[PDB]
Each structure stands twice: as C-alpha cells, then as structure tokens.
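So this block is final_11.pdb, PDB, C-alpha atoms:
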```pdb
MODEL        1
ATOM      1  CA  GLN N   1     213.864  51.603 129.412  1.00  0.00           C
ATOM      2  CA  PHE N   2     215.664  52.845 126.295  1.00  0.00           C
ATOM      3  CA  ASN N   3     215.147  50.159 123.665  1.00  0.00           C
ATOM      4  CA  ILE N   4     218.508  49.023 122.283  1.00  0.00           C
ATOM      5  CA  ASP N   5     217.645  49.173 118.590  1.00  0.00           C
ATOM      6  CA  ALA N   6     220.088  48.862 115.707  1.00  0.00           C
ATOM      7  CA  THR N   7     219.739  52.608 115.065  1.00  0.00           C
ATOM      8  CA  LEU N   8     221.205  53.778 118.385  1.00  0.00           C
ATOM      9  CA  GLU N   9     224.489  51.947 117.710  1.00  0.00           C
ATOM     10  CA  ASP N  10     226.391  52.430 120.977  1.00  0.00           C
ATOM     11  CA  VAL N  11     225.682  53.991 124.369  1.00  0.00           C
ATOM     12  CA  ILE N  12     228.245  54.894 127.033  1.00  0.00           C
ATOM     13  CA  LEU N  13     227.992  55.169 130.818  1.00  0.00           C
ATOM     14  CA  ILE N  14     229.645  58.468 131.730  1.00  0.00           C
ATOM     15  CA  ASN N  15     229.107  58.655 135.501  1.00  0.00           C
ATOM     16  CA  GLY N  16     226.201  56.703 136.952  1.00  0.00           C
ATOM     17  CA  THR N  17     224.577  53.366 137.678  1.00  0.00           C
ATOM     18  CA  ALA N  18     222.551  51.489 135.057  1.00  0.00           C
ATOM     19  CA  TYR N  19     220.856  48.095 135.066  1.00  0.00           C
ATOM     20  CA  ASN N  20     219.693  45.473 132.594  1.00  0.00           C
ATOM     21  CA  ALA N  21     216.052  44.534 132.094  1.00  0.00           C
ATOM     22  CA  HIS N  22     216.617  40.895 133.085  1.00  0.00           C
ATOM     23  CA  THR N  23     219.824  40.637 135.122  1.00  0.00           C
ATOM     24  CA  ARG N  24     219.874  44.237 136.404  1.00  0.00           C
ATOM     25  CA  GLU N  25     223.611  43.788 136.916  1.00  0.00           C
ATOM     26  CA  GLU N  26     225.251  46.569 138.912  1.00  0.00           C
ATOM     27  CA  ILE N  27     227.496  48.824 136.816  1.00  0.00           C
ATOM     28  CA  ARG N  28     229.908  51.542 137.956  1.00  0.00           C
ATOM     29  CA  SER N  29     231.141  54.286 135.636  1.00  0.00           C
ATOM     30  CA  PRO N  30     233.181  54.866 133.597  1.00  0.00           C
ATOM     31  CA  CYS N  31     232.444  51.870 131.347  1.00  0.00           C
ATOM     32  CA  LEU N  32     230.771  50.921 128.079  1.00  0.00           C
ATOM     33  CA  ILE N  33     227.442  49.127 128.451  1.00  0.00           C
ATOM     34  CA  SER N  34     228.261  46.794 125.541  1.00  0.00           C
ATOM     35  CA  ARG N  35     225.721  44.906 123.425  1.00  0.00           C
ATOM     36  CA  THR N  36     225.594  42.076 125.985  1.00  0.00           C
ATOM     37  CA  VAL N  37     223.120  44.033 128.134  1.00  0.00           C
ATOM     38  CA  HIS N  38     220.236  43.770 125.680  1.00  0.00           C
ATOM     39  CA  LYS N  39     217.849  46.082 127.553  1.00  0.00           C
ATOM     40  CA  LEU N  40     218.804  49.191 129.526  1.00  0.00           C
ATOM     41  CA  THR N  41     216.477  49.884 132.445  1.00  0.00           C
ATOM     42  CA  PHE N  42     217.273  52.527 135.057  1.00  0.00           C
ATOM     43  CA  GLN N  43     216.815  53.550 138.677  1.00  0.00           C
ATOM     44  CA  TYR N  44     217.116  56.741 140.723  1.00  0.00           C
ATOM     45  CA  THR N  45     220.545  56.700 142.358  1.00  0.00           C
ATOM     46  CA  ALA N  46     221.355  58.920 145.338  1.00  0.00           C
ATOM     47  CA  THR N  47     225.097  59.245 145.987  1.00  0.00           C
ATOM     48  CA  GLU N  48     226.104  59.847 142.348  1.00  0.00           C
ATOM     49  CA  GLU N  49     223.654  61.472 139.939  1.00  0.00           C
ATOM     50  CA  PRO N  50     223.572  59.244 136.892  1.00  0.00           C
TER      51      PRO N  50
ATOM     52  CA  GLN Z   1     217.538  33.605 122.276  1.00  0.00           C
ATOM     53  CA  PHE Z   2     219.386  35.477 119.525  1.00  0.00           C
ATOM     54  CA  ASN Z   3     220.408  38.790 121.064  1.00  0.00           C
ATOM     55  CA  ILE Z   4     219.279  41.654 118.816  1.00  0.00           C
ATOM     56  CA  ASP Z   5     222.539  43.581 118.755  1.00  0.00           C
ATOM     57  CA  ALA Z   6     223.402  46.452 116.436  1.00  0.00           C
ATOM     58  CA  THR Z   7     225.676  44.131 114.435  1.00  0.00           C
ATOM     59  CA  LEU Z   8     222.854  41.904 113.164  1.00  0.00           C
ATOM     60  CA  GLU Z   9     220.922  44.866 111.721  1.00  0.00           C
ATOM     61  CA  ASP Z  10     217.624  43.270 110.665  1.00  0.00           C
ATOM     62  CA  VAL Z  11     216.024  39.825 110.836  1.00  0.00           C
ATOM     63  CA  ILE Z  12     213.006  38.524 108.915  1.00  0.00           C
ATOM     64  CA  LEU Z  13     210.426  35.829 109.675  1.00  0.00           C
ATOM     65  CA  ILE Z  14     210.118  33.726 106.522  1.00  0.00           C
ATOM     66  CA  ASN Z  15     207.685  30.977 107.557  1.00  0.00           C
ATOM     67  CA  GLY Z  16     207.386  30.271 111.266  1.00  0.00           C
ATOM     68  CA  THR Z  17     206.356  31.432 114.715  1.00  0.00           C
ATOM     69  CA  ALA Z  18     208.646  33.467 116.976  1.00  0.00           C
ATOM     70  CA  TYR Z  19     208.207  35.158 120.345  1.00  0.00           C
ATOM     71  CA  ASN Z  20     209.704  38.076 122.241  1.00  0.00           C
ATOM     72  CA  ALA Z  21     211.678  37.740 125.465  1.00  0.00           C
ATOM     73  CA  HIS Z  22     209.007  39.307 127.699  1.00  0.00           C
ATOM     74  CA  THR Z  23     205.762  39.680 125.741  1.00  0.00           C
ATOM     75  CA  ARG Z  24     206.156  36.445 123.748  1.00  0.00           C
ATOM     76  CA  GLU Z  25     203.613  37.885 121.323  1.00  0.00           C
ATOM     77  CA  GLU Z  26     202.340  35.361 118.793  1.00  0.00           C
ATOM     78  CA  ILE Z  27     203.702  36.039 115.298  1.00  0.00           C
ATOM     79  CA  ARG Z  28     202.684  34.282 112.075  1.00  0.00           C
ATOM     80  CA  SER Z  29     204.747  34.474 108.897  1.00  0.00           C
ATOM     81  CA  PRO Z  30     205.295  36.168 106.550  1.00  0.00           C
ATOM     82  CA  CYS Z  31     206.197  39.374 108.411  1.00  0.00           C
ATOM     83  CA  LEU Z  32     209.129  41.381 109.730  1.00  0.00           C
ATOM     84  CA  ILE Z  33     209.919  41.125 113.435  1.00  0.00           C
ATOM     85  CA  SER Z  34     210.778  44.839 113.645  1.00  0.00           C
ATOM     86  CA  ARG Z  35     212.959  46.437 116.326  1.00  0.00           C
ATOM     87  CA  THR Z  36     209.925  46.684 118.632  1.00  0.00           C
ATOM     88  CA  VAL Z  37     210.295  43.022 119.613  1.00  0.00           C
ATOM     89  CA  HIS Z  38     213.598  43.565 121.359  1.00  0.00           C
ATOM     90  CA  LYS Z  39     214.845  40.108 122.447  1.00  0.00           C
ATOM     91  CA  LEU Z  40     213.843  37.184 120.220  1.00  0.00           C
ATOM     92  CA  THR Z  41     213.255  33.875 121.989  1.00  0.00           C
ATOM     93  CA  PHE Z  42     211.920  30.775 120.236  1.00  0.00           C
ATOM     94  CA  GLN Z  43     209.820  27.648 120.675  1.00  0.00           C
ATOM     95  CA  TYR Z  44     209.378  24.340 118.852  1.00  0.00           C
ATOM     96  CA  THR Z  45     206.319  24.682 116.630  1.00  0.00           C
ATOM     97  CA  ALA Z  46     204.520  21.625 115.254  1.00  0.00           C
ATOM     98  CA  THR Z  47     202.164  22.443 112.372  1.00  0.00           C
ATOM     99  CA  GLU Z  48     204.552  24.707 110.431  1.00  0.00           C
ATOM    100  CA  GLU Z  49     208.301  24.198 110.674  1.00  0.00           C
ATOM    101  CA  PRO Z  50     209.817  27.542 111.749  1.00  0.00           C
TER     102      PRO Z  50
ENDMDL
END
```
Produce structure tokens that represent the structure in this file.
Amino acid sequence: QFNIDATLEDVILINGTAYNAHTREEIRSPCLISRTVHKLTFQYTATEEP
Amino acid sequence: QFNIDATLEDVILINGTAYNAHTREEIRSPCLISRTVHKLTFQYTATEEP
C-alpha cells in the first residue's frame, strides 16, 4: 500500500493490475492511475506479472 | 472527504477536529495533519467549531 503523498507526484501503470484501497477497481495496463485513486493497494496477479 | 492529491500540497488544522478515512484518529488543533493521514474525512463537532 504505497501511500500517495504529495512528494511522489505521479505513478504510472506499465503492465499489471493495481487496485484502490476502498474501491479496488480493476485496472488494465497501460494507463495512468490518476489522483482519483487515493490509495494504491496491490495483489499478486498470475497471468501478467505486474 | 477532501482527496489529498498532489495538487493540494499541504493542509493545516487551525482550530477543529478532523479524522482520517480509515483510522479516523482523533485530532485536536492546533496541529498539522501531515501526509500520514492519507484521506481526510470530517464530522460535525459541537464544542469547538471546526
């Protein structure tokens, strides 16, 4: 759970699946996480290594 | 629930009580919220107007 602090600025999703702390919305790369997803949790994917 | 995005930079607690999204830790002014408290929710206090 990488805290989204003001210091990190921006984070990109190169090739993998990431989830939010609350919604845990499914995301498919390539795409920018965007500041909307406040918290960035994670899970161990199988098909594509994140 | 003011999302703590990189655009806002920093936010201060002048005189009031604020809570985090998950922990909802009790905070009494004056003090800085700090990036640790990631998502800032709120509640209607009575004794001291936030």
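Once the PyMOL selection byres ((chain N and resi 1) around 12) is applied to this file, the selection holds residues 2, 3, 4, 5, 18, 19, 20, 21, 22, 24, 38, 39, 40, 41, 42 and 43 of chain N; 38 of chain Z.
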Would you tabulate, counting all atoms listed in the file, all residues of chain Z that have an atom at most 6 Å from an atom of chain N, showing the closest pair of atoms and their distance in Å to one decimal, sorted by chain then ascending number, as a Markdown table?
```
| residue | atom | partner | partner_atom | distance |
| --- | --- | --- | --- | --- |
| Z:5 | CA | N:35 | CA | 5.8 |
| Z:6 | CA | N:6 | CA | 4.2 |
| Z:9 | CA | N:6 | CA | 5.7 |
| Z:35 | CA | N:5 | CA | 5.9 |
```
Checklist entry - When the PyMOL selection byres ((chain N and resi 15-17) around 9) is applied to the file above, which residues end up in the set, as a list in words? => result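 That selection, the PyMOL selection byres ((chain N and resi 15-17) around 9), comes back as residues 13, 14, 18, 19, 26, 27, 28, 29, 30, 31, 42, 43, 44, 45, 48, 49 and 50 of chain N.
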